[PDB]
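Structure file input-v3.txt; described as compact mmCIF, N, CA and C atoms.
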# COMPACT_ATOMS: atom_id res chain seq x y z
N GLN V 1 270.20 30.14 196.68
CA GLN V 1 271.49 29.92 197.35
C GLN V 1 272.46 31.06 197.07
N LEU V 2 272.62 31.49 195.82
CA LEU V 2 273.52 32.59 195.50
C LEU V 2 272.72 33.85 195.25
N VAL V 3 273.11 34.93 195.92
CA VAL V 3 272.43 36.22 195.79
C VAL V 3 273.50 37.29 195.56
N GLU V 4 273.43 37.96 194.41
CA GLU V 4 274.37 39.01 194.05
C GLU V 4 273.87 40.36 194.54
N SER V 5 274.80 41.26 194.82
CA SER V 5 274.43 42.62 195.22
C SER V 5 275.50 43.57 194.73
N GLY V 6 275.16 44.86 194.74
CA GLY V 6 276.09 45.91 194.35
C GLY V 6 275.73 46.61 193.07
N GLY V 7 274.79 46.08 192.30
CA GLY V 7 274.43 46.70 191.04
C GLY V 7 273.82 48.07 191.23
N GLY V 8 273.70 48.78 190.13
CA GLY V 8 273.20 50.13 190.15
C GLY V 8 273.86 50.93 189.04
N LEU V 9 273.52 52.21 189.02
CA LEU V 9 273.97 53.14 187.99
C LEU V 9 275.26 53.80 188.43
N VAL V 10 276.33 53.59 187.66
CA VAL V 10 277.67 54.05 188.01
C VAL V 10 278.29 54.78 186.82
N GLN V 11 279.30 55.60 187.12
CA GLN V 11 279.98 56.47 186.17
C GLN V 11 281.08 55.71 185.42
N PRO V 12 281.30 56.04 184.15
CA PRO V 12 282.46 55.51 183.43
C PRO V 12 283.76 56.04 184.03
N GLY V 13 284.81 55.22 183.92
CA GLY V 13 286.11 55.57 184.46
C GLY V 13 286.31 55.30 185.93
N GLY V 14 285.24 55.20 186.72
CA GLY V 14 285.35 54.87 188.13
C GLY V 14 285.54 53.38 188.32
N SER V 15 285.51 52.95 189.58
CA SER V 15 285.57 51.53 189.88
C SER V 15 284.36 51.09 190.71
N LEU V 16 284.07 49.80 190.62
CA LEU V 16 282.87 49.24 191.23
C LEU V 16 283.18 47.82 191.68
N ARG V 17 282.55 47.42 192.78
CA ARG V 17 282.70 46.06 193.28
C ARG V 17 281.33 45.44 193.50
N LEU V 18 281.19 44.17 193.13
CA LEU V 18 279.94 43.44 193.30
C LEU V 18 280.21 42.26 194.22
N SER V 19 279.18 41.80 194.91
CA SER V 19 279.35 40.70 195.83
C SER V 19 278.40 39.58 195.46
N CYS V 20 278.78 38.38 195.85
CA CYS V 20 277.93 37.22 195.64
C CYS V 20 277.96 36.42 196.94
N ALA V 21 276.83 36.34 197.63
CA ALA V 21 276.76 35.57 198.86
C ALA V 21 276.05 34.24 198.58
N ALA V 22 276.57 33.17 199.16
CA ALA V 22 276.04 31.83 198.97
C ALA V 22 275.37 31.39 200.26
N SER V 23 274.19 30.81 200.15
CA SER V 23 273.41 30.55 201.35
C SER V 23 273.65 29.13 201.85
N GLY V 24 273.39 28.94 203.14
CA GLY V 24 273.56 27.62 203.73
C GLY V 24 275.01 27.34 204.06
N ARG V 25 275.48 26.16 203.65
CA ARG V 25 276.79 25.67 204.06
C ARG V 25 277.90 26.41 203.33
N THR V 26 279.13 26.18 203.78
CA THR V 26 280.27 26.93 203.29
C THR V 26 280.54 26.62 201.82
N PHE V 27 280.95 27.65 201.08
CA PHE V 27 281.19 27.54 199.65
C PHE V 27 282.68 27.51 199.32
N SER V 28 283.53 27.30 200.32
CA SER V 28 284.97 27.41 200.12
C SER V 28 285.50 26.37 199.14
N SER V 29 284.79 25.24 198.98
CA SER V 29 285.19 24.19 198.04
C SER V 29 284.56 24.35 196.66
N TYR V 30 283.86 25.45 196.41
CA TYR V 30 283.39 25.74 195.06
C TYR V 30 284.37 26.67 194.37
N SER V 31 284.59 26.43 193.08
CA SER V 31 285.11 27.47 192.23
C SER V 31 283.97 28.41 191.89
N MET V 32 284.27 29.70 191.78
CA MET V 32 283.24 30.70 191.52
C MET V 32 283.56 31.50 190.27
N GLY V 33 282.55 31.67 189.43
CA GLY V 33 282.72 32.39 188.20
C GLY V 33 281.73 33.56 188.14
N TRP V 34 282.14 34.56 187.40
CA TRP V 34 281.27 35.69 187.07
C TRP V 34 280.99 35.65 185.57
N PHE V 35 279.72 35.82 185.22
CA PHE V 35 279.29 35.86 183.83
C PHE V 35 278.41 37.09 183.65
N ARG V 36 278.28 37.55 182.41
CA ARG V 36 277.43 38.71 182.17
C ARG V 36 276.65 38.56 180.87
N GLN V 37 275.46 39.16 180.85
CA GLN V 37 274.66 39.27 179.63
C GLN V 37 274.45 40.75 179.35
N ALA V 38 275.19 41.29 178.39
CA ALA V 38 274.98 42.66 177.96
C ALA V 38 273.68 42.77 177.15
N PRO V 39 273.12 43.97 177.00
CA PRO V 39 271.86 44.10 176.24
C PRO V 39 272.06 43.69 174.78
N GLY V 40 271.36 42.63 174.38
CA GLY V 40 271.41 42.16 173.01
C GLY V 40 272.36 41.01 172.77
N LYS V 41 273.13 40.58 173.76
CA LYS V 41 274.20 39.62 173.54
C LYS V 41 273.89 38.28 174.18
N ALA V 42 274.67 37.30 173.78
CA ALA V 42 274.72 36.03 174.48
C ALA V 42 275.65 36.16 175.69
N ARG V 43 275.46 35.24 176.62
CA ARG V 43 276.18 35.25 177.88
C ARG V 43 277.68 35.20 177.63
N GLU V 44 278.45 35.90 178.47
CA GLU V 44 279.90 35.95 178.31
C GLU V 44 280.58 35.64 179.63
N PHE V 45 281.64 34.83 179.57
CA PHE V 45 282.46 34.57 180.74
C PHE V 45 283.37 35.77 181.01
N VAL V 46 283.46 36.17 182.28
CA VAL V 46 284.26 37.34 182.69
C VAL V 46 285.55 36.91 183.36
N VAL V 47 285.47 36.25 184.51
CA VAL V 47 286.63 35.78 185.25
C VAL V 47 286.16 34.73 186.24
N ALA V 48 287.06 33.86 186.66
CA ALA V 48 286.71 32.85 187.66
C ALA V 48 287.84 32.76 188.67
N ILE V 49 287.52 32.25 189.86
CA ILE V 49 288.55 31.96 190.87
C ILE V 49 288.36 30.52 191.31
N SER V 50 289.40 29.70 191.18
CA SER V 50 289.22 28.30 191.56
C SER V 50 289.09 28.18 193.08
N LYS V 51 288.66 26.99 193.54
CA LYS V 51 288.72 26.67 194.97
C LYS V 51 290.06 27.09 195.53
N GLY V 52 291.12 26.81 194.77
CA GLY V 52 292.47 27.15 195.18
C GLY V 52 292.75 28.63 195.28
N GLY V 53 291.94 29.48 194.65
CA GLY V 53 292.22 30.90 194.62
C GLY V 53 292.96 31.39 193.39
N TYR V 54 293.18 30.52 192.41
CA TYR V 54 293.86 30.92 191.18
C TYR V 54 292.89 31.63 190.25
N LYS V 55 293.39 32.66 189.57
CA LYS V 55 292.55 33.47 188.71
C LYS V 55 292.55 32.92 187.29
N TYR V 56 291.36 32.77 186.71
CA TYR V 56 291.24 32.42 185.30
C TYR V 56 290.58 33.57 184.56
N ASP V 57 291.34 34.20 183.68
CA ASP V 57 290.83 35.30 182.88
C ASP V 57 290.09 34.74 181.67
N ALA V 58 289.25 35.57 181.07
CA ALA V 58 288.64 35.19 179.80
C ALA V 58 289.71 35.14 178.72
N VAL V 59 289.33 34.69 177.53
CA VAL V 59 290.30 34.73 176.44
C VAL V 59 290.31 36.10 175.76
N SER V 60 289.27 36.90 175.94
CA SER V 60 289.13 38.14 175.19
C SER V 60 288.75 39.35 176.03
N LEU V 61 288.78 39.27 177.36
CA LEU V 61 288.41 40.42 178.18
C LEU V 61 289.62 41.23 178.64
N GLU V 62 290.82 40.81 178.24
CA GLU V 62 292.02 41.66 178.22
C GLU V 62 292.47 42.11 179.61
N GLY V 63 292.30 41.26 180.62
CA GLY V 63 292.88 41.52 181.94
C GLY V 63 292.34 42.72 182.68
N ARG V 64 291.03 42.96 182.62
CA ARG V 64 290.45 44.17 183.18
C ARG V 64 289.63 43.90 184.44
N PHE V 65 289.46 42.64 184.81
CA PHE V 65 288.65 42.25 185.95
C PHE V 65 289.55 41.59 186.98
N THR V 66 289.24 41.83 188.25
CA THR V 66 289.96 41.24 189.37
C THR V 66 288.96 40.61 190.32
N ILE V 67 289.21 39.38 190.70
CA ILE V 67 288.30 38.59 191.51
C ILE V 67 288.97 38.26 192.83
N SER V 68 288.19 38.23 193.90
CA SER V 68 288.69 37.75 195.18
C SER V 68 287.53 37.08 195.88
N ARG V 69 287.86 36.20 196.81
CA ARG V 69 286.82 35.58 197.62
C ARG V 69 287.11 35.81 199.09
N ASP V 70 286.04 35.69 199.89
CA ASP V 70 286.10 35.77 201.35
C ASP V 70 285.42 34.51 201.88
N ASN V 71 286.20 33.44 202.04
CA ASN V 71 285.67 32.24 202.68
C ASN V 71 285.18 32.50 204.09
N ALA V 72 285.48 33.67 204.66
CA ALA V 72 285.02 34.04 205.99
C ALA V 72 283.74 34.88 205.95
N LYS V 73 283.01 34.85 204.84
CA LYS V 73 281.76 35.62 204.75
C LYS V 73 280.89 35.08 203.65
N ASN V 74 281.16 33.89 203.09
CA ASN V 74 280.31 33.31 202.06
C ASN V 74 280.38 34.02 200.74
N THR V 75 281.45 34.76 200.48
CA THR V 75 281.37 35.83 199.51
C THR V 75 282.53 35.79 198.53
N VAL V 76 282.20 35.95 197.25
CA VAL V 76 283.16 36.21 196.19
C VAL V 76 282.83 37.59 195.65
N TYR V 77 283.87 38.31 195.24
CA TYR V 77 283.72 39.67 194.75
C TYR V 77 284.25 39.76 193.33
N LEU V 78 283.64 40.64 192.56
CA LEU V 78 284.11 41.02 191.24
C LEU V 78 284.51 42.47 191.30
N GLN V 79 285.68 42.81 190.76
CA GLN V 79 286.11 44.19 190.78
C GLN V 79 286.34 44.65 189.35
N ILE V 80 285.81 45.82 189.02
CA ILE V 80 285.99 46.42 187.71
C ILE V 80 286.60 47.80 187.93
N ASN V 81 287.88 47.94 187.60
CA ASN V 81 288.50 49.26 187.53
C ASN V 81 288.20 49.89 186.18
N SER V 82 288.18 51.21 186.16
CA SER V 82 288.00 51.99 184.94
C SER V 82 286.86 51.41 184.10
N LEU V 83 285.66 51.52 184.69
CA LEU V 83 284.45 51.03 184.04
C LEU V 83 284.21 51.74 182.73
N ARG V 84 283.89 50.98 181.70
CA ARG V 84 283.57 51.58 180.42
C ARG V 84 282.14 51.24 180.06
N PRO V 85 281.46 52.07 179.27
CA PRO V 85 280.07 51.76 178.91
C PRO V 85 279.84 50.32 178.49
N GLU V 86 280.83 49.66 177.87
CA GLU V 86 280.71 48.25 177.50
C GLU V 86 280.53 47.33 178.70
N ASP V 87 280.82 47.78 179.92
CA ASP V 87 280.61 46.94 181.09
C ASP V 87 279.14 46.78 181.48
N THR V 88 278.22 47.55 180.89
CA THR V 88 276.80 47.46 181.21
C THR V 88 276.24 46.06 180.94
N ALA V 89 275.67 45.43 181.97
CA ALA V 89 275.15 44.08 181.81
C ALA V 89 274.49 43.63 183.11
N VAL V 90 273.69 42.59 182.99
CA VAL V 90 273.28 41.81 184.15
C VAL V 90 274.43 40.88 184.49
N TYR V 91 274.97 41.01 185.70
CA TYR V 91 276.09 40.18 186.12
C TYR V 91 275.54 39.04 186.95
N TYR V 92 275.97 37.84 186.62
CA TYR V 92 275.55 36.65 187.34
C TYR V 92 276.78 36.05 188.01
N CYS V 93 276.58 35.60 189.22
CA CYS V 93 277.54 34.75 189.91
C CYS V 93 277.16 33.28 189.71
N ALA V 94 278.15 32.39 189.76
CA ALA V 94 277.91 30.97 189.58
C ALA V 94 278.97 30.17 190.32
N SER V 95 278.60 28.98 190.76
CA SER V 95 279.48 28.11 191.53
C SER V 95 279.66 26.77 190.82
N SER V 96 280.88 26.27 190.86
CA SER V 96 281.17 25.02 190.21
C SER V 96 281.88 24.10 191.18
N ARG V 97 281.58 22.83 191.02
CA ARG V 97 282.45 21.76 191.47
C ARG V 97 283.85 21.85 190.91
N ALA V 98 283.98 22.18 189.62
CA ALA V 98 285.23 21.88 188.91
C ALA V 98 286.42 22.57 189.56
N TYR V 99 287.59 22.07 189.22
CA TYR V 99 288.86 22.58 189.69
C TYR V 99 289.37 23.64 188.72
N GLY V 100 290.43 24.34 189.10
CA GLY V 100 290.99 25.32 188.19
C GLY V 100 291.48 24.69 186.90
N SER V 101 290.94 25.11 185.77
CA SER V 101 291.43 24.64 184.47
C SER V 101 290.82 25.55 183.42
N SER V 102 291.11 25.28 182.15
CA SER V 102 290.45 26.11 181.16
C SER V 102 288.95 25.84 181.10
N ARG V 103 288.46 24.79 181.78
CA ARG V 103 287.03 24.52 181.85
C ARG V 103 286.29 25.53 182.72
N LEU V 104 286.96 26.17 183.67
CA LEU V 104 286.27 27.18 184.47
C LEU V 104 285.82 28.36 183.62
N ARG V 105 286.30 28.46 182.39
CA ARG V 105 285.83 29.48 181.48
C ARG V 105 284.51 29.14 180.81
N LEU V 106 283.97 27.94 181.03
CA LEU V 106 282.79 27.48 180.31
C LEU V 106 281.56 27.60 181.21
N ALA V 107 280.47 28.17 180.67
CA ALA V 107 279.25 28.29 181.46
C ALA V 107 278.70 26.94 181.86
N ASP V 108 278.90 25.92 181.02
CA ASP V 108 278.32 24.62 181.32
C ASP V 108 279.08 23.89 182.41
N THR V 109 280.23 24.41 182.83
CA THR V 109 280.92 23.86 183.99
C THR V 109 280.22 24.19 185.32
N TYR V 110 279.28 25.13 185.34
CA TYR V 110 278.74 25.69 186.58
C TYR V 110 277.37 25.11 186.83
N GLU V 111 277.13 24.68 188.07
CA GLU V 111 275.88 24.08 188.48
C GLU V 111 274.89 25.06 189.10
N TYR V 112 275.36 26.03 189.88
CA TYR V 112 274.47 26.91 190.63
C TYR V 112 274.65 28.34 190.15
N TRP V 113 273.53 29.05 190.02
CA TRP V 113 273.51 30.37 189.41
C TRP V 113 272.80 31.36 190.31
N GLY V 114 273.30 32.59 190.31
CA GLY V 114 272.68 33.63 191.09
C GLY V 114 271.35 34.05 190.50
N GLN V 115 270.82 35.15 191.05
CA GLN V 115 269.61 35.78 190.53
C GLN V 115 269.92 36.96 189.61
N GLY V 116 271.12 37.51 189.71
CA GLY V 116 271.59 38.53 188.80
C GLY V 116 271.54 39.90 189.44
N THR V 117 272.36 40.81 188.93
CA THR V 117 272.28 42.16 189.45
C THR V 117 272.72 43.11 188.35
N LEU V 118 271.95 44.16 188.15
CA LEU V 118 272.17 45.03 187.00
C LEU V 118 273.23 46.08 187.30
N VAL V 119 274.24 46.17 186.43
CA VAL V 119 275.21 47.26 186.45
C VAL V 119 274.96 48.11 185.21
N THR V 120 274.70 49.39 185.40
CA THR V 120 274.46 50.29 184.28
C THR V 120 275.52 51.37 184.34
N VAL V 121 276.36 51.43 183.30
CA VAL V 121 277.44 52.41 183.22
C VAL V 121 277.01 53.48 182.25
N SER V 122 277.00 54.73 182.70
CA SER V 122 276.53 55.83 181.86
C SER V 122 277.00 57.14 182.46
N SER V 123 277.16 58.13 181.59
CA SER V 123 277.46 59.50 182.03
C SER V 123 276.18 60.33 182.09
structure tokens encoding of this file:
Amino acid sequence: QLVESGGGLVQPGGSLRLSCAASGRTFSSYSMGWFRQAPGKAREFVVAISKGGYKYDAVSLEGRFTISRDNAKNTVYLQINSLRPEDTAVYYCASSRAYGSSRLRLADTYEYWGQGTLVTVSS
């Protein structure tokens, strides 16, 4: 149902956008989250956008990610300005029933998961 795209090898300091398309019926009533697994780490919450369109930042990612959705294309986007080597990870998209709250920061709030897409930041 969810298929991410946009991954690849990108330069530090530049910006990059990833997409997540959801298959079948409209996803406008899902909250959508982005999660990542860096090499060697446990999964980390990045940012979420509620059904309402409100942004939920992580507690420790320091306001560096910007999320938007396109209910007119099945698509939520993740934006990373000024990519740093620490951004390297498999990025997963996920969809939740839940409403905007501090629960959208939790991986267990999400029912549907993408297939993943690799972002590699390197000079």
Next on the checklist: List as a VMD selection string the protein and nucleic acid residues near residue 59 in chain V, meaning an atom at most 10 Å away when only C-alpha atoms are counted, but skip any in the same chain fewer than 4 places from it.
Outcome noted: chain V and resid 45 to 47 63 102 105
Next on the checklist: Taking 5 positions as the minimum chain separation for residues in the same chain, which residues sit within 9 Å of residue 36 in chain V when counting only C-alpha atoms? Answer as a PyMOL selection string.
Outcome noted: chain V and resi 42-46+87-93+116
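As for atom C of residue 75 in chain V and atom C of residue 4 in chain V, they are spaced 10.6 Å apart.
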Item to check | residue 99 in chain V surroundings by only C-alpha atoms, 7 Å radius, close-in-sequence under 4 positions cut, as an MDAnalysis selection string | outcome: chainID V and resid 31 50:51
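Using only N, CA and C atoms for every distance, the candidate list V:12, V:33, V:53, V:100 yields V:12 as the residue closest to residue 121 in chain V.
Across the model, the gap from atom C of residue 29 in chain V to atom N of residue 96 in chain V is 7.1 Å.
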Checklist entry - Can you list every residue in chain V that DSSP puts in strand (DSSP E), as an MDAnalysis selection string? => result chainID V and resid 2:5 8:10 16:22 31:37 44:49 55:57 65:70 75:80 89:96 112:113 117:121
Skip residue 82 in chain V itself and residues of its chain fewer than 5 positions away, then list as a tab-separated table (two decimals) with N, CA and C atoms, keeping the file's coordinate frame all residues within 6 Å of it, counting only C-alpha atoms.
chain	number	residue	atom	x	y	z
V	13	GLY	N	284.81	55.22	183.92
V	13	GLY	CA	286.11	55.57	184.46
V	13	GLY	C	286.31	55.30	185.93
V	14	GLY	N	285.24	55.20	186.72
V	14	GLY	CA	285.35	54.87	188.13
V	14	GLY	C	285.54	53.38	188.32
V	15	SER	N	285.51	52.95	189.58
V	15	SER	CA	285.57	51.53	189.88
V	15	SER	C	284.36	51.09	190.71
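Between CA of residue 66 in chain V and CA of residue 106 in chain V there is a distance of 18.0 Å.
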Checklist entry - DSSP says helix (DSSP H, G or I) for which residues of chain V? Put them as an NGL selection string? => result :V and (85-87 or 102-105 or 107-109)
